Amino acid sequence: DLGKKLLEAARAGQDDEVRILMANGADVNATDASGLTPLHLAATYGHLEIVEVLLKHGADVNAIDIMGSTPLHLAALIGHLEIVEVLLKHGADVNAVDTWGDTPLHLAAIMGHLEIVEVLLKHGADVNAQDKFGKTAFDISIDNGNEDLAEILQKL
């Protein structure tokens, strides 16, 4: 199964391995047991070149794993700014919600990734999106005492 191999290659950042596997018919949209695709894993572990390559060859930019995470969720959570922007450029849903009611804005906010927050906002992130406890990203910043975040989130 070249799928399992593409998955591990995408996580490890083995660019060359990725190329060969796809050339031999490896499923670009293969899933592991939790429903993570090679684009999820590349987006998670910060492999920008592998992200762009998967996206040039049929990767679903908005694929969800079993917990509803999209690649954009994971990039925003881990804080890979260039990857966030590539995902957005290729049609990532800025307002995708996962099984906890989190949007990519929530995750970037919680983790303090302020550049990513500004970018998401510019691309139409929903400042009124509530998680399953009813919190918006703005609620999180004021419950947090994170004044820098709260100001960014307020900018008209």
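One-based numbering along the sequence shown.
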106 to 114 set against 44 to 52, stretch whose average Cα temperature factor tops the other in the entry: 44 to 52
Residue stretch of maximal mean CA temperature factor, 53 to 61 vs 22 to 30: 22 to 30
Where the record places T37 (Cα B-factor, split into thirds across the chain): middle
Record-listed C-alpha B factor of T136: chain third: lowest
